[PDB]
Every structure is written in structure tokens, then in C-alpha cells.
Amino acid sequence: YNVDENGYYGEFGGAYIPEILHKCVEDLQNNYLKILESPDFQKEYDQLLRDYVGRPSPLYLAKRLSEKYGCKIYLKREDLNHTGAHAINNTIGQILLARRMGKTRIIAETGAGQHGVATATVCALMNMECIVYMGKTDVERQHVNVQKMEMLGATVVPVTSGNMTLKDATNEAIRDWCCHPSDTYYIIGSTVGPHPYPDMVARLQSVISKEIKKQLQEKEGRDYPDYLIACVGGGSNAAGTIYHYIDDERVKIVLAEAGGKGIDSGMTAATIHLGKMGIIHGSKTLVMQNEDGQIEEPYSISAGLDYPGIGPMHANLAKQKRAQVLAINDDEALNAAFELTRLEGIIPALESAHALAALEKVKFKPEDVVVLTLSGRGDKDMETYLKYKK
Amino acid sequence: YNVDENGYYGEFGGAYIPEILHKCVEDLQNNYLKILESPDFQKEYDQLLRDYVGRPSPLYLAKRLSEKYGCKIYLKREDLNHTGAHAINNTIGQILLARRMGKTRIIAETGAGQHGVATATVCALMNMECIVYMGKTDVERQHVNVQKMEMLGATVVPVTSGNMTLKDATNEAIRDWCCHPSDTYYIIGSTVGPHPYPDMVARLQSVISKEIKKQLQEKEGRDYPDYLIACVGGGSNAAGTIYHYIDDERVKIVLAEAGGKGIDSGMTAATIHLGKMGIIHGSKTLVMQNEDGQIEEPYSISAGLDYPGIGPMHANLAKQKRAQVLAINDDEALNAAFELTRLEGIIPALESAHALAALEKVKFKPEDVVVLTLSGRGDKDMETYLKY
Ligand SMILES: Cc1ncc(COP(=O)(O)O)c(/C=N/[C@H](Cc2c[nH]c3ccccc23)C(=O)O)c1O
Ligand SMILES: Cc1ncc(COP(=O)(O)O)c(/C=N/[C@H](Cc2c[nH]c3ccccc23)C(=O)O)c1O
């Protein structure tokens with residue numbers, strides 16, 4: 001269920017792009033693995049993960065949370081990463097690749113602002129020009145992260161097309177990318193876009209499941225859990241979380257996508273529940289489509305889940321029934337965020353709370369071992385959490 | 001240079017309290033150490049540091065900083081800890097102690113909001129009632145921490161005494177403690193207050209120096225740096241950073257206190273520079289005083305450094321010349337924060353930025369190995385940073 005030699009996961013994936021990018025995408029294909037696997041990349045990569053990011057991220061037995069659901073739940077604490085989310089695993093990896101390929105101008109899209117902060121973070125470290133596209137809606141709702149990016153010296157470009165969300169910021173980044181093939185590297189923020197971006201970002205996040213294996217070995221005497229649970233906007237934290245377990249049928253995979261106001265409300269981002277075959281941002285995958293077959297304007301309270309497409313990996317997983325996918329609504333997420341706060345003293349990202357909310361919908365046995373990926377911390381969503389509390 | 005059996009660092013320290021606290025403190029002294037050393041404690045303590053907090057925190061070689069000062073500078077990244085600061089090392093320890101003393105009501109003071117969030121955090125975790133006193137000036141300067149405390153289920157009590165800063169929040173907590181002796185445990189937020197709070201908190205923070213010795217051994221082939229650099233409000237992140245180095249004369253210690261608008265200006269927190277022998281919150285230490293002998297109202301841009309006292313360990317250390325203490329002014333701290341942000345992609349707390357600014361004030365040789373403790377991340381100070 002991992003990628004094939006042509007960029008495909010079953011029938012989903014590939015690279016579907018105008019000729020203007022054919023050259024630089026082709027360079028990226030058939031160099032990215034050479035670079036990822038070189039001893040130089042892997043040393044500097046691993047050194048920055050350890051000293052800069054603070055990997056490995058803990059695997060934490062959440063005791064009161066385990067008592068509520070009548071089983072053993074561990075949280076993979078990506079929320080403790082430098083910059084507060086899993087995104088930084090990806091930006092560190094991609095910036096090292098970008099430099100190996102001689103690129104000098106860095107762009108990215110962001111919804112939650114975690115990928116934007118993680119991109120401005122590594123660009124300041126490296127002293128490289130940073131431009132971050134962000135939907136206007138998102139710059140309002142995730143303003144703490146816009147501030148961080150501006151202090152880090154990045155240029156934040158509000159995007160005013162569509163409903164001004166991730167798909168739109170991505171559209172703008174892609175337009176930027178098209179005008180600047182020579183000098184610009186595009187740090188895509190999820191397991192989305194043209195091959196090799198899905199597999200690349202999956203590889204860079206795989207460190208998550210590499211650690212889980214070792215940490216479960218220490219704690220449980222076996223290297224596999226009964227369940228992996230992760231939210232999914234485009235697929236990147238889930239991918240990392242499942243990479244080294246993707247084919248291992250002892251491990252059940254539960255993914256939580258954003259149901260918004262409910263999958264039938266006309267306001268949602270439940271791509272698996274609602275999507276049809278399309279091309280989105282250079283990938284042939286499942287995507288929400290409106291009544292004239294346009295890519296649909298999605299909704300979610302969560303900026304990082306609010307994307308109408310899904311990575312081709314998860315399109316495939318879902319289609320094959322290797323992974324079960326749940327639509328989780330705004331309210332369910334909000335309540336699960338308040339849940340982890342009072343139970344474990346951890347304020348989660350609204351994104352990650354979609355994953356937490358899924359614990360209500362699964363029939364656990366007492367001997368079950370669950371690993372849920374806490375993809376980030378909720379500092380960004382405090383205004384929203386406190387509004388909800390009133 | 002470490003505490004003696006009486007709770008003194010040379011002439012500083014002790015417990016100078018009203019008689020109403022004599023017994024809680026007595027109970028606290030001469031159980032604290034037995035609990036800290038107990039296996040049950042050390043096992044639960046160590047498991048939460050590793051799994052909940054994310055220790056060991058990395059020791060990060062900051063190449064661009066190092067270039068700019070012409071030496072090797074490592075940042076001890078307490079900013080990466082659960083809650084974003086060193087305080088969680090303290091609150092984890094104290095809450096466990098509190099539960100083993102059979103206490104059920106937890107109170108605390110906070111200025112920067114970090115110690116307040118760390119307290120609210122561990123009280124949420126443990127299913128316990130949590131009250132945090134915070135100065136009114138501070139509830140506004142550091143409002144992102146107030147929001148976190150609220151959602152964690154803690155009662156944030158604004159204090160409007162004095163100039164509504166740490167000292168006043170601290171007076172209010174102590175008054176709560178007196179008034180509720182049987183049932184309440186008081187999680188003090190720095191190496192301050194009556195014995196054994198200063199030593200206890202130093203010990204909980206000592207985890208920092210413990211990691212630095214092993215991490216320097218792996219990175220440099222020796223267990224000790226030429227310089228340790230840390231900011232001090234009351235002195236806990238500092239104490240932690242130096243605890244296992246405190247008698248090692250090969251290691252230079254540089255402590256950065258808050259100069260505010262400047263030491264000779266009216267408006268400062270430069271206790272080592274300005275303070276006089278006195279008593280604050282039950283500790284005999286150096287403290288700022290007016291011409292009367294009243295406790296002088298301090299000022300600093302940084303809430304967590306804005307304290308007219310200092311821990312007894314550092315009064316002793318400064319007095320005996322074991323530690324060099326620099327007063328860093330507001331603007332110096334702000335520029336150093338922006339410097340780290342730009343050079344290493346790390347936004348420090350304004351507090352920790354006082355330590356960063358001290359890098360300007362020391363002449364380093366190229367063979368120097370510096371460890372500076374990055375006590376916190378600066379999400380709380382983003383409004384201040386962009387005003388500037
Ligand atoms: C804390 C946190 N958890 C989970 C997610 C969900 O993303 P995933 O499915 O890739 O694991 C995000 C998204 N972060 C965004 C999301 C994002 C960037 N580019 C995208 C392309 C498609 C879908 C989502 C995105 C950001 O900070 O920007 C996040 O910040
Ligand atoms: C990130 C950060 N770095 C440094 C400091 C300085 O404190 P230290 O000298 O103890 O290492 C603080 C203070 N945080 C406060 C400070 C505080 C609480 N109670 C105190 C009593 C005396 C002096 C300072 C304090 C908080 O969040 O509340 C801090 O939050």
C-alpha cells in the first residue's frame with residue numbers, strides 16, 4: 001500500500017501538471033530518493049531532528065484517557081516538537097533537499113499556519129527567502145501563527161480566491177511555482193500534489209512510526225499496537241504514523257477527517273465520504289466536487305483539515321478497506337479538545353482533536369493498545385476554544 | 001556553595017515566617033528530602049519528565065550565534081518542554097510531593113504565566129483544584145498564558161496590591177497559604193520563599209545540569225562548559241543549570257538580571273546590583289528597598305524577571321564572586337530576541353532573551369564552550385515583540 005515506481009498508490013497519485021513544470025518536477029522525481037538516502041542528507045537530517053526539533057517525540061500513556069475508553073491509549077507527542085506540530089519534520093527534510101538542488105527561493109502554503117511557521121522557521125535558520133501563501137479566512141482564524149511567521153522574516157501572502165482556504169493558498173503557491181521554476185523550491189505541506197511530493201512527505205514523516213516501533217518495544221514488549229489513530233487533512237501526519245505499519249494487518253488504522261457541520265450539511269471536508277475521482281493540485285485522487293464538477297469549497301472549524309482533496313495514499317487505503325475513515329464534526333472535535341485538556345493537561349490542536357473525537361466511535365477491548373498521534377498543540381486555537389466555552 | 005542542612009546559602013536563606021506557618025513549613029522541611037529521594041517518587045517523577053514533559057531537552061549547537069560571538073554556543077532547549085518553559089520541571093515535582101503529603105488544594109503565583117500554566121497543567125492532569133494568583137499588570141502583558149490557565153480549569157485571581165506584579169501575587173498566595181494551612185500545598189514558582197522551597201526547586205530543576213553533563217560529554221568529550229549563562233528572576237532555571245556544576249571552579253557562571261530602563265534609572269529589577277540584605281516572602285536575601293526599607297516596586301519589560309528579590313543561592317553566589325551578574329535592559333533583551341529568531345529560527349521568551357543579550361557583554365575566546373539555558377519560548381511575548 002506504499003508507492004509504486006510511477007508515483008501511484010493503486011490508481012491514485014501521479015503527476016498531472018502543465019508543461020512549464022515538467023522539467024523541475026522531473027528533476028525532483030529521480031533525485032529526491034537519491035538525496036533522501038545519501039549519508040550526508042541523513043546525517044544532517046537526523047542531527048536537526050534530534051537537536052533542533054527535539055526528536056524522538058515521547059510516547060505518553062494517557063492514564064485518565066485510558067480509563068475513560070477502557071483500554072491503553074498512548075499519545076505520540078508531536079505537539080512537543082519545535083514549532084508545536086509534526087510539520088517541522090517535513091520542512092527540515094525539504095529545506096535540506098531544496099539546498100542540495102541549488103534552489104534559493106522557498107515558497108509554501110499553509111492553512112493552520114503550522115506548516116507556514118515550520119517553513120519560516122527553517123528558512124530563517126538557513127537564511128533563505130521565504131514566501132508563505134495563506135487563505136484570508138485562515139489568516140484571520142490562525143493569527144498567532146501569522147505573527148510568528150512575520151517575526152521569522154517570512155512574507156505572508158493573503159489569498160483572496162475561492163473561500164480563501166488551503167486549496168486556494170495551494171493554487172497560488174502553484175502559480176508562483178510555475179512562474180519561477182529556475183530558482184524556487186516549493187515546500188508542499190502535506191502528502192498531496194504531484195509525485196514525488198506524496199511519497200516524499202510520507203518518507204520525511206515516517207520518522208514518527210520508526211520511533212513508535214522502538215518505544216512500543218520498550219513499553220509493551222512488542223513493536224506494533226492494535227490501533228493507529230490520526231486525523232487527516234491531506235494525509236501527512238497519518239502517513240508518518242502509519243508508514244512502517246502500512247502493510248501489517250495486525251494493526252488497524254483509524255483516520256479522522258473533518259466533517260465540519262456534518263457530511264450532508266453542505267459544509268464539510270470529509271473527502272472520503274464525499275469525494276469522487278478528480279485531479280487536484282497535480283494529483284489524481286479523491287476530491288470533493290460541486291454541482292458543476294468544480295473542486296468544492298470545503299468547510300471545517302479546523303484550518304489544517306479544511307482541504308477538499310486527500311493524499312492519494314489514503315484514497316487507496318480507504319478504497320481497499322485497509323484503513324477505516326471517520327467524519328468528525330466541529331462539535332465532536334471541540335469537546336474532545338476540552339476532554340484532553342482536563343484529563344491529561346494537554347491542550348491539542350483543533351486538527352488533532354478530530355483524532356481524539358474518534359475514540360468515542362471505536363469498539364475497544366480491555367487488552368487493546370492504541371497509539372494516537374497528537375499532531376500539534378492548541379495554542380493557535382485558544383480564541384476558538386474559549387469562545388466555545390462561553 | 002549548595003544549601004546547608006539549615007536551609008542557608010552562607011548567610012542567606014532560612015525561613016522567616018509568621019508562627020501560623022511554622023508547622024506547615026516544619027512538615028515541609030524534613031519531609032521534602034525523604035519524599036524526593038523515595039523510590040516511588042523518583043520513578044513517577046522520571047516517567048513524567050520523559051513521557052509527559054519530553055526530557056531530555058536537546059542541547060542545540062547554534063552555529064550562527066556561535067559564528068557571531070566567535071565561540072561554540074549551545075542552547076539548552078527548555079523552550080521545547082511541555083508548556084514551553086522550565087517551570088513544568090518544578091510543578092511536576094511539587095504536585096507529586098503535594099499528593100504524598102496528602103494535600104488536596106493547590107495554589108500558586110505566576111508573573112510570566114509560565115509557572116501558572118505549568119501548575120494548572122499538572123493539576124488538570126492529576127484531577128486537583130488549582131488557584132493561581134497573578135498580578136493584574138501581568139494578566140494583561142501575558143494574556144496568552146491566562147487563556148491557557150482558564151481552559152485548564154484553574155481560577156486565575158488578579159492581584160492589584162503594590163504595582164500588581166510578581167511580588168504582590170506572591171504576597172496574595174502566601175496570605176492564602178496562612179489562611180488555609182491544613183489542606184493546601186503552595187507550589188512556589190522560583191527558588192525563593194522559606195526553606196525548603198529554594199533547595200526543593202533547585203533540586204527539581206537540577207535535571208537540567210544533569211542532562212548538560214552527559215550531552216556535553218557526547219558532543220565535546222568533556223562534561224563541563226567554560227561558561228553557563230542563564231537569566232534570573234528569582235533564580236530557578238539558573239539554579240537548575242548550575243546545580244551539578246556549582247562547586248566546579250572550571251565553569252564560569254554568568255547570570256543576567258533585569259535592568260529595566262537601566263540600573264541607575266528609577267525602574268529596574270537588578271537585585272544583585274541594587275538590593276540590600278533583607279527579607280522577602282520568608283527568605284533572607286538581597287532585595288530592592290527604598291530609603292525607608294520597604295520593598296521597592298521593581299520594573300521590567302519581562303513579567304518573569306520582574307521581582308525585587310532574588311533566590312538565596314544567587315545572593316550567596318554573587319556575594320562570594322562565584323557568579324558574575326549582569327543587569328540587562330529592556331531594549332538589549334528585545335534585540336537579542338530578534339537576533340535569535342533571525343539566526344536560529346527560535347523565538348525565545350523575553351526572560352530568556354536577557355540571557356541572550358549577555359552574550360554581547362562577555363569577551364569569548366575561540367576555544368570557549370558556552371551553554372546558555374533557553375528557559376522558554378516566546379509565544380507569550382509576541383504582542384510585545386511586534387510593538388517593538
Ligand atoms: C497540528 C496539525 N495537525 C494536523 C494537520 C493536518 O495535516 P495532515 O493531514 O497533512 O497531517 C495540520 C495541518 N497543517 C497545515 C495543513 C496543510 C498545509 N498544506 C496542506 C495541503 C493539503 C491539506 C492540508 C495542508 C498547515 O499548518 O498549513 C496541523 O497543523
Ligand atoms: C520562560 C522563563 N524564563 C525565566 C524565568 C525567570 O524565572 P527563574 O528566575 O525562576 O528561572 C521565567 C519566570 N517565570 C515566572 C517567574 C516566577 C514565578 N514565581 C516567581 C517568584 C519569584 C521570581 C520569579 C517568579 C512565571 O511563569 O510565573 C520564565 O517563565
Side-chain angles (χ1 to χ4, degrees), chain A residues 47-64 74-75 77 79-84 88 91 117-118 120-127 143-145 147-148 150-153 215 219 337-338 340-347 377-380 382-383 385-386 388-389, chain B residues 47-64 74-75 77 79-84 88 91 117-127 143-148 150-153 215 219 337-338 340-347 377-380 382-383 385-386:
Chain A
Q47 197 145 346
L48 285 159
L49 298 186
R50 284 203 160 72
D51 291 341
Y52 189 56
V53 179
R55 305 202 71 81
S57 80
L59 192 69
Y60 167 64
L61 180 59
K63 254 162 277 166
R64 293 173 48 201
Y74 295 100
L75 303 167
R77 300 291 303 284
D79 68 295
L80 292 178
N81 287 174
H82 187 36
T83 80
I88 188 58
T91 69
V117 163
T121 291
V122 301
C123 282
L125 181 65
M126 291 310 183
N127 201 7
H143 191 254
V144 319
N145 281 341
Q147 299 183 319
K148 293 168 74 191
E150 292 178 310
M151 196 169 169
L152 284 159
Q215 297 172 311
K219 286 182 154 77
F338 281 78
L340 185 73
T341 295
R342 60 164 184 290
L343 283 195
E344 303 298 348
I346 303 175
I347 312 184
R377 56 184 192 231
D379 310 50
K380 65 185 174 58
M382 287 301 312
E383 286 280 281
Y385 289 143
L386 290 176
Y388 178 71
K389 175 188 158 94
Chain B
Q47 191 123 21
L48 296 163
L49 297 181
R50 192 194 58 197
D51 290 341
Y52 184 58
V53 177
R55 306 210 68 82
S57 75
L59 185 67
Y60 168 62
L61 183 48
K63 289 175 184 166
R64 293 180 60 218
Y74 290 99
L75 308 182
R77 307 291 305 282
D79 61 305
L80 295 177
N81 289 172
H82 188 43
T83 68
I88 184 67
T91 74
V117 167
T119 300
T121 293
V122 301
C123 286
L125 175 52
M126 287 303 175
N127 219 343
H143 192 257
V144 342
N145 281 340
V146 174
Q147 303 183 299
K148 294 171 72 152
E150 286 176 344
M151 186 187 175
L152 281 156
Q215 293 174 320
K219 273 140 161 47
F338 272 95
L340 178 69
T341 307
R342 292 158 171 175
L343 288 176
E344 300 300 333
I346 307 175
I347 304 170
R377 70 189 192 231
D379 311 66
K380 43 166 204 67
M382 284 300 286
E383 288 286 5
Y385 287 144
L386 297 161

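Chain identifiers are assigned alphabetically (A, B, ...) following the order of the sequence lines, protein sequences preceding nucleic acid strands; residue numbering begins at 1 within each chain. Values reported hereafter were calculated over all heavy atoms of this structure, with side chains retained and with hydrogens, waters and symmetry mates removed.
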Where A:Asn81 and A:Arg377 come nearest, the two heavy atoms and their spacing: O-NH1, 4.1 Å
A:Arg55 portion near chain B, given a 4.5 angstrom heavy-atom threshold: neither
Nearest non-hydrogen partners of B:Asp379 and B:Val144, listed with the distance: O-CG1, 4.1 Å
Among the listed options B:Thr83, B:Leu48, B:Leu80, the residue most often paired with chain A at heavy-atom distances under 4.5 Å: B:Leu80
Which of A:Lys63, A:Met126, A:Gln147, A:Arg50 touches chain B most, by non-hydrogen pairs under 4.5 Å: A:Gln147
Donor-acceptor contact below 3.5 Å, side chain A:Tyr52 vs main chain B:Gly345: yes
Part of A:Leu61 within contact of chain B (heavy atom distance under 4.5 Å): neither
Test side-chain contact (heavy atoms from CB on, under 4.5 Å) applied to A:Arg77 and B:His82, step by step: CA-CA 10 Å; A:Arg77 300 291 303 284; B:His82 188 43; 3.4 Å; yes
Per-residue contact mode, A:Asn127 against chain B (heavy atom under 4.5 angstrom): both
Exam field: side chain A:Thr91 to backbone A:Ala118, donor-acceptor pair closer than 3.5 Å: yes
Region of A:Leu59 in contact with chain B, defined by heavy-atom distances below 4.5 Å: backbone
Part of A:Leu386 within contact of chain B (heavy atom distance under 4.5 Å): side chain
Chain B contact via A:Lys148 - which portion, at a heavy-atom distance below 4.5 Å: both
Contact class of A:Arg342 relative to chain B, heavy atoms under 4.5 angstrom: backbone
Partner set under side-chain hydrogen bond (donor to acceptor under 3.5 Å, both in side chains) for B:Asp51, not counting sequence neighbours: A:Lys219
Check: A:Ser57 main-chain N/O paired with A:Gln215 side-chain donor or acceptor under 3.5 Å: yes
Under 4.5 Å from any heavy atom of chain A - which part of B:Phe338: both
Structural part of A:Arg64 lying under 4.5 Å from a heavy atom of chain B: side chain
Proximal component of A:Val117, with respect to chain B [non-hydrogen, under 4.5 Å]: neither
Qualifying residues under side-chain hydrogen bond (donor to acceptor under 3.5 Å, both in side chains), relative to A:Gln47, sequence neighbours excluded: none
